[PDB]
Every structure is written in structure tokens, then in C-alpha cells.
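J.: The structure is given below, and queries will be raised subsequently.
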Amino acid sequence: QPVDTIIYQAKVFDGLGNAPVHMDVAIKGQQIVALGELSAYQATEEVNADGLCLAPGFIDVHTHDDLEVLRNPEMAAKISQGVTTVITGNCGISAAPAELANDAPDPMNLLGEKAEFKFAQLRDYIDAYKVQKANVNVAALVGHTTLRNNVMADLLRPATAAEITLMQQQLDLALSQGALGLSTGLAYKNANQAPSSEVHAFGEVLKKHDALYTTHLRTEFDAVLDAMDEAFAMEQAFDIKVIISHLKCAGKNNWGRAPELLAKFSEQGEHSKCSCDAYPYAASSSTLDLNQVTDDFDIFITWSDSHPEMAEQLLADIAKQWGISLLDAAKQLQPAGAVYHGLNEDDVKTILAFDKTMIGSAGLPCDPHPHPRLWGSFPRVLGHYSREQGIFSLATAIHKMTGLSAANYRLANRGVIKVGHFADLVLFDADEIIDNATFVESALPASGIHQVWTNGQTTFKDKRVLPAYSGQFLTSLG
Ligand SMILES: CC(=O)N[C@@H](C(=O)O)[C@@H](O)[C@H](O)[C@H](O)CO
Ligand SMILES: [Zn+2]
């Protein structure tokens with residue numbers, strides 16, 4: 001009869017894009033137990049949300065937090081943005097199922113150091129998660145590149161049919177053990193020689209488990225539209241849910257092509273369930289890639305193992321100091337991290353406004369000077385693009401990081417403020433919410449978020465990240 005907590009008089013967004021409704025929200029244990037008029041109800045704790053907004057906890061659909069959640073269960077970078085659930089294992093790289101013969105192949109170093117990959121089966125990863133749990137829920141995809149590395153010593157080639165068969169079985173086992181689906185990162189060196197038929201070889205296993213396919217496209221530059229055909233073909237052949245990761249048209253050649261990306265979804269054929277996600281910035285981030293070096297836009301070096309004295313500098317400035325070309329400078333800087341200001345802001349706005357588009361940070365948790373998307377993505381959508389820019393309403397912005405995302409990833413009883421769903425919740429000031437992380441100060445926490453609950457326990461409150469550790473591993477339904 002009594003409940004743990006009642007949030008009073010918040011402006012409540014249900015997560016479905018519907019208009020907010022002023023009402024009260026009752027939490028008991030892990031669940032939203034009552035909605036609406038709750039002065040009758042008996043609550044241990046009472047939260048005065050007057051002048052504030054309540055929304056479902058934010059679902060970061062594009063993370064590389066596979067190992068971060070284990071090293072850093074508090075997950076301040078995500079929790080301080082209001083993120084209550086992370087989707088791990090993106091762009092073909094995951095922490096499990098993985099056995100490392102030698103070093104971790106590029107770009108698996110984005111996840112952690114070689115010694116951290118102790119999860120040969122997915123269940124070992126889940127068990128590792130369950131030791132402490134974390135402030136966020138975890139739903140895990142399996143990385144295609146990671147699977148290739150399990151069965152290939154030389155990755156600069158297609159897998160053999162027999163290697164494909166091994167990987168199928170590894171994926172199938174991972175899917176049975178809880179994984180949500182498969183991800184690829186076909187633009188990366190160690191996956192790029194994987195033909196489309198190799199990716200196709202996973203479709204029957206995915207369909208069997210009613211699992212997801214997500215893809216960092218084979219290219220995001222001139223031939224991005226050809227690369228999207230590959231993703232759609234997965235959906236056409238197998239009728240599975242497909243999500244194109246951090247949708248963009250990168251490169252000076254391609255600025256203004258966002259309408260073409262949108263119209264490309266008209267070529268899906270029979271089905272039309274393909275989705276996508278983006279981060280709210282006109283700059284990408286990854287390791288320094290010689291193929292992306294250009295003087296067409298700013299490229300900012302975030303770290304260099306060869307030349308750490310040149311970290312946090314523009315490639316053009318490093319090149320000038322060094323008396324050599326940008327490409328030659330980049331070569332001497334490798335291995336290195338970079339922020340590539342390769343995208344056009346109007347393209348970003350259009351891709352963000354696209355109703356298929358979920359918000360994902362693509363935060364890189366191992367970068368010593370991260371792209372600020374690691375710390376600002378979700379409040380930037382809410383404060384910058386919604387409130388300030390007016391690209392979309394607050395209900396729309398919230399929908400694209402809660403209900404749309406729970407639906408597309410089939411996260412049961414999450415992403416929506418509804419009775420009987422889990423109490424992942426964020427309490428924030430619609431007028432104050434904003435990202436503070438800049439390209440210079442990229443770990444500055446966002447403003448305007450007052451309180452976060454993961455599964456009914458408070459993981460953030462009044463600028464403090466709290467180690468409730470109430471997240472769960474969200475195992476796939478099958
Ligand atoms: C880890 C990761 O996948 N990062 C991508 C991103 O930040 O969007 C990046 O690799 C981009 O694909 C390229 O820089 C071209 O834009
Ligand atoms: Zn990617």
C-alpha cells in the first residue's frame with residue numbers, strides 16, 4: 001500500500017512524443033507503480049518537482065561502454081546526462097565473446113586494454129557485470145570485427161566459409177546468452193575486406209533469435225548511399241530490425257547531402273523498419289586515420305602515443321610547427337586520437353530532426369581528451385537543439401532518447417513512463433538543461449539535471465553521482 005517515492009507536480013513526458021502532463025509519479029522498488037493524482041498515496045519519500053520535468057531515463061543507443069561499465073560502474077559521463085541504459089558492442093567491436101591471441105585489433109582498443117578482455121563467452125561478460133552492476137543498465141550487441149578476430153589471425157581478407165561458420169555459432173551462442181544482436185563496423189581496416197555476403201551469413205542466426213543488426217557503414221563519405229544499400233539488404237533478406245549507427249554524410253564533398261540520406265530509406269523494399277541514430281555534433285571522433293586526413297576542415301588531435309606533446313592541437317598547426325604536410329604529420333602522430341570537424345551543421349540538424357533518428361552519444365570512454373559527445377550529447381539535444389535551436393519540441397527530443405529507443409531495441413518496460421514499467425527516470429529543468437562540454441573542455445558535466453533514478457534507485461542528485469548500482473543487464477527476449 002505504501003510506495004518508496006512520489007514525484008509531485010513534475011511536467012511528465014511519457015517518452016512517446018506525447019504532450020507532457022502535469023501529474024505525480026509513484027516509485028516502489030524498481031517500478032513506476034502509480035501515475036496521476038497521488039496525494040492519497042503513502043510515500044516514504046516525497047520529491048517536489050514543481051517547475052521541473054520528468055522523463056524516462058535516457059537510453060544511449062550508441063556507446064562503446066562495454067568495458068567502461070566494468071571499470072567505472074558509476075558511469076558519471078552518462079549518468080550526469082540522464083542516461084540510465086547503455087547499448088554496448090557497437091561498430092563491430094564488443095567485449096564479448098572475445099579471446100585475444102595477441103593485441104586487441106583496431107578499433108577494439110576503443111573499449112579498453114588487451115588485458116581487460118576476459119570474456120570468451122557473453123555470459124562471462126554478464127557475470128562480470130553482475131559483480132557490482134552499474135549505475136546504468138546494459139544491453140549488449142556482439143561485434144562482428146570482434147568475432148572475426150576470434151577465428152582469423154590475418155584480418156585483411158574475407159573470412160573463409162568455415163570461419164564464417166564458427167562466427168555464426170559464436171553469434172548464436174551469444175544471442176542465446178542474452179546479446180541483443182550483431183553490429184558491424186565495415187569502414188574499419190580489420191573489417192573492411194568482409195564482403196556483404198559475410199555479413200549476410202549472420203542473418204539466419206539473427207532472424208532465428210529475432211535479434212538486431214546495427215552497422216557502422218562501410219563508408220560515410222562519397223559512397224555513403226552505396227553503403228546504406230548493404231544495411232537495407234540485411235533487412236530485405238532476413239526481415240530483421242536494422243539500425244544504422246551515427247548516420248552522417250562526412251567530408252567537404254558531401255556537405256548538404258542529408259536529404260539524400262533521408263530519401264535513401266525509400267529503397268528498403270518490402271519492409272521499412274530500418275532505423276538510425278546520430279550524435280548532436282558536426283564533428284566525428286576515432287583514432288587518427290590517414291585516410292581521413294584533409295585540410296578541408298579542422299582535425300584536432302586528442303592524444304598521440306608517438307607525440308604526446310602534440311595532443312590537444314590542430315593537425316594543421318602541428319604540421320606547420322613540424323614543417324611537413326598534414327598527412328606526413330598525421331603519419332608521425334599515429335597511433336593517435338582525433339576529432340574530425342568533417343560534418344555540416346545543417347546536415348546534422350536534418351539528420352537529428354529525421355523521425356527515425358535515435359540519439360546516441362558515440363562517447364569514447366578511453367580517450368584522454370574525449371569528443372564532448374561523451375559528456376554533452378543528451379542535454380545538448382534537449383537544451384541546444386530543442387530549446388535554443390527549436391529544431392523540435394521537448395517531447396520530440398525526449399522521445400528520440402527514450403521511447404523510440406526502447407522500442408527499436410525491444411527494451412522491455414523501459415523508455416516509457418507507464419505503470420508497471422521500470423523506474424528509470426530523469427528530473428530536469430527544461431529551461432536550464434544544456435551541455436557544458438566543449439571541444440576544449442570536453443568533460444564538463446551538463447547543467448539542468450536534478451535527479452536520475454535507475455530502476456527506482458537514485459544514481460544522480462544535485463550534482464552528485466551516486467553509486468546505487470541499480471542497473472541490470474538487459475538480456476534479449478529471443
Ligand atoms: C568510433 C566511431 O565509429 N567514430 C565515428 C564517428 O565519430 O562518427 C568516426 O569513425 C566517423 O565514422 C569518421 O570520422 C567519419 O566521419
Ligand atoms: Zn562507428
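Residue numbering restarts at 1 in every chain; chains get A, B, ... in the order shown in the C-alpha cells, and ligands count up from 1 in that same order.
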Just the alpha helix (DSSP H) stuff from range 207-285 of chain A, please, per backbone DSSP, written as a short mmCIF file (atom, residue, chain, number, x, y, z; two decimals) with C-alpha atoms, in the first residue's frame.
T.:
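Written out: states38.cif:
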data_model
loop_
_atom_site.label_atom_id
_atom_site.label_comp_id
_atom_site.auth_asym_id
_atom_site.auth_seq_id
_atom_site.Cartn_x
_atom_site.Cartn_y
_atom_site.Cartn_z
CA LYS A 207 16.23 -13.81 -37.61
CA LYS A 208 16.17 -17.03 -35.60
CA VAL A 224 27.62 6.56 -48.23
CA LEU A 225 24.45 5.77 -50.19
CA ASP A 226 26.00 2.59 -51.59
CA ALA A 227 26.96 1.61 -48.06
CA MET A 228 23.36 2.05 -46.88
CA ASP A 229 22.23 -0.43 -49.56
CA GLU A 230 24.28 -3.02 -47.67
CA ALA A 231 22.36 -2.35 -44.45
CA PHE A 232 18.96 -2.45 -46.15
CA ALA A 233 19.89 -5.74 -47.87
CA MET A 234 20.17 -7.29 -44.40
CA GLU A 235 16.63 -6.18 -43.63
CA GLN A 236 15.37 -7.20 -47.09
CA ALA A 237 16.89 -10.69 -46.92
CA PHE A 238 16.01 -11.53 -43.34
CA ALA A 258 21.49 14.91 -45.66
CA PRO A 259 18.24 14.91 -47.75
CA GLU A 260 19.78 12.12 -49.88
CA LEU A 261 20.40 10.08 -46.72
CA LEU A 262 16.79 10.56 -45.69
CA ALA A 263 15.44 9.65 -49.15
CA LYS A 264 17.62 6.54 -49.28
#
J.: What residues of the protein or nucleic acid chains come within 6 Å of ligand 1 when you use only C-alpha atoms and all ligand atoms? Reply as a count of residues only.
T.: 7
J.: Just want the residues within 7 Å of ligand 2, written as a list in words, counting only C-alpha atoms and all ligand atoms.
T.: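 Final answer, ordered by chain and number: residues 90, 91, 185, 216, 245 and 246 of chain A.
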J.: Write a file of the just-selected residues containing N, CA, C and O atoms, as a PDB file, in the first residue's frame.
T.:
ATOM      1  N   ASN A  90      29.113  -1.728 -30.157  1.00  0.00           N
ATOM      2  CA  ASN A  90      28.762  -1.117 -31.422  1.00  0.00           C
ATOM      3  C   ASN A  90      29.953  -1.089 -32.378  1.00  0.00           C
ATOM      4  O   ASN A  90      31.108  -1.269 -31.986  1.00  0.00           O
ATOM      5  N   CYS A  91      29.637  -0.871 -33.655  1.00  0.00           N
ATOM      6  CA  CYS A  91      30.620  -0.695 -34.732  1.00  0.00           C
ATOM      7  C   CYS A  91      31.520  -1.907 -34.910  1.00  0.00           C
ATOM      8  O   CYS A  91      32.673  -1.765 -35.320  1.00  0.00           O
ATOM      9  N   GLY A 185      31.284  -2.805 -38.243  1.00  0.00           N
ATOM     10  CA  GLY A 185      31.943  -1.538 -38.477  1.00  0.00           C
ATOM     11  C   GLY A 185      32.758  -1.686 -39.737  1.00  0.00           C
ATOM     12  O   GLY A 185      33.965  -1.927 -39.679  1.00  0.00           O
ATOM     13  N   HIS A 216      27.912   0.419 -38.329  1.00  0.00           N
ATOM     14  CA  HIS A 216      28.754   1.498 -38.817  1.00  0.00           C
ATOM     15  C   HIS A 216      29.047   1.204 -40.282  1.00  0.00           C
ATOM     16  O   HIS A 216      29.759   0.243 -40.590  1.00  0.00           O
ATOM     17  N   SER A 245      24.192   3.121 -37.499  1.00  0.00           N
ATOM     18  CA  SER A 245      24.836   3.888 -36.442  1.00  0.00           C
ATOM     19  C   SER A 245      25.339   5.237 -36.946  1.00  0.00           C
ATOM     20  O   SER A 245      25.797   5.365 -38.086  1.00  0.00           O
ATOM     21  N   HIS A 246      25.309   6.223 -36.038  1.00  0.00           N
ATOM     22  CA  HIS A 246      25.707   7.621 -36.215  1.00  0.00           C
ATOM     23  C   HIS A 246      25.635   8.052 -37.680  1.00  0.00           C
ATOM     24  O   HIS A 246      26.653   8.326 -38.328  1.00  0.00           O
TER      25      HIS A 246
END
J.: Near residue 390 in chain A, within 12 Å and counting only C-alpha atoms, which residues show up once chain neighbours fewer than 5 positions away are dropped, as a count of residues only?
T.: 11
J.: What is the distance between CA of residue 144 in chain A and CA of residue 210 in chain A, in Å to one decimal?
T.: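 Answer for the CA of residue 144 in chain A to CA of residue 210 in chain A separation: 17.4 Å.
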J.: Using only C-alpha atoms, find the one residue out of A:196, A:102, A:81, A:31 that sits nearest to residue 361 in chain A.
T.: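 Of A:196, A:102, A:81, A:31, the one nearest residue 361 in chain A, counting only C-alpha atoms, is A:81.
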J.: Got a sec: who's within 7 Å of range 442-445 of chain A, counting only C-alpha atoms, leaving out chain neighbours fewer than 6 positions off, as a PDB file with C-alpha atoms, in the first residue's frame?
T.:
ATOM      1  CA  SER A  80      25.197  13.040 -15.379  1.00  0.00           C
ATOM      2  CA  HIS A 369      40.592  14.147 -24.166  1.00  0.00           C
ATOM      3  CA  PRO A 370      37.258  12.891 -25.464  1.00  0.00           C
ATOM      4  CA  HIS A 371      34.991  14.404 -28.039  1.00  0.00           C
ATOM      5  CA  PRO A 372      32.481  16.248 -25.774  1.00  0.00           C
ATOM      6  CA  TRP A 375      29.532  14.267 -21.747  1.00  0.00           C
ATOM      7  CA  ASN A 436      28.676  22.271 -20.916  1.00  0.00           C
TER       8      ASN A 436
END
J.: CA of residue 271 in chain A and CA of residue 416 in chain A are how many Å apart?
T.: 25.6 Å
J.: List as a PyMOL selection string the protein and nucleic acid residues near range 151-161 of chain A, meaning an atom at most 10 Å away when only C-alpha atoms are counted, but skip any in the same chain fewer than 4 places from it.
T.: chain A and resi 98-99+101-102+105+145-147+165-167+189-198+201
J.: Using only C-alpha atoms, can you tell me which of A:364, A:37, A:123, A:272 comes closest to residue 67 in chain A?
T.: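 Among the listed residues, the smallest separation from residue 67 in chain A belongs to A:364.
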J.: Name the closest residue to residue 66 in chain A among the candidates A:17, A:36, A:379, A:97; distances are taken between atoms, counting only C-alpha atoms.
T.: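 So, comparing all the options, the nearest one is A:97.
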J.: When you look at residue 62 in chain A with a cut-off of 10 Å (counting only C-alpha atoms), what residues show up, excluding the ones that are within fewer than 6 positions of it in the same chain? I need them as number ranges by chain.
T.: A: 86-91, 214, 245-246, 277-279, 358-363
J.: May I have the residues from that selection written out with C-alpha atoms, as a PDB file, in the first residue's frame?
T.:
ATOM      1  CA  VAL A  86      23.712   1.983 -22.463  1.00  0.00           C
ATOM      2  CA  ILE A  87      23.787  -0.169 -25.594  1.00  0.00           C
ATOM      3  CA  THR A  88      27.289  -1.635 -25.838  1.00  0.00           C
ATOM      4  CA  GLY A  89      29.117  -3.541 -28.548  1.00  0.00           C
ATOM      5  CA  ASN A  90      28.762  -1.117 -31.422  1.00  0.00           C
ATOM      6  CA  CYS A  91      30.620  -0.695 -34.732  1.00  0.00           C
ATOM      7  CA  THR A 214      23.412  -2.453 -36.298  1.00  0.00           C
ATOM      8  CA  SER A 245      24.836   3.888 -36.442  1.00  0.00           C
ATOM      9  CA  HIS A 246      25.707   7.621 -36.215  1.00  0.00           C
ATOM     10  CA  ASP A 277      20.928   7.054 -34.619  1.00  0.00           C
ATOM     11  CA  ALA A 278      23.082  10.154 -34.500  1.00  0.00           C
ATOM     12  CA  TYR A 279      25.038  12.269 -32.081  1.00  0.00           C
ATOM     13  CA  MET A 358      17.525   7.961 -32.066  1.00  0.00           C
ATOM     14  CA  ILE A 359      20.101   9.824 -30.009  1.00  0.00           C
ATOM     15  CA  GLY A 360      23.359   8.033 -29.282  1.00  0.00           C
ATOM     16  CA  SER A 361      26.499   9.661 -27.902  1.00  0.00           C
ATOM     17  CA  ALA A 362      29.227   7.558 -29.549  1.00  0.00           C
ATOM     18  CA  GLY A 363      31.207   8.585 -26.488  1.00  0.00           C
TER      19      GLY A 363
END
J.: Between CA of residue 446 in chain A and CA of residue 380 in chain A, what is the distance in Å, rounded to a tenth?
T.: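 One can read the CA of residue 446 in chain A to CA of residue 380 in chain A distance as 8.5 Å.
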J.: Run DSSP on the backbone and grab whatever in range 224-467 of chain A lands in strand (DSSP E or B); send it over as a PyMOL selection string.
T.: chain A and resi 241-244+275-278+284-287+299-304+313-314+336-340+357-359+422+425-428+434+447+449-454+457-461+464-465
J.: If we count only C-alpha atoms, what is near residue 252 in chain A at a cut-off of 9 Å, once residues fewer than 3 positions away on the same chain are taken out, given as a list in words?
T.: residues 255, 296, 297, 342, 343 and 344 of chain A
J.: Name the closest residue to residue 374 in chain A among the candidates A:40, A:83, A:53, A:6; distances are taken between atoms, counting only C-alpha atoms.
T.: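 Once distances to residue 374 in chain A are computed over only C-alpha atoms, the minimum belongs to A:83.
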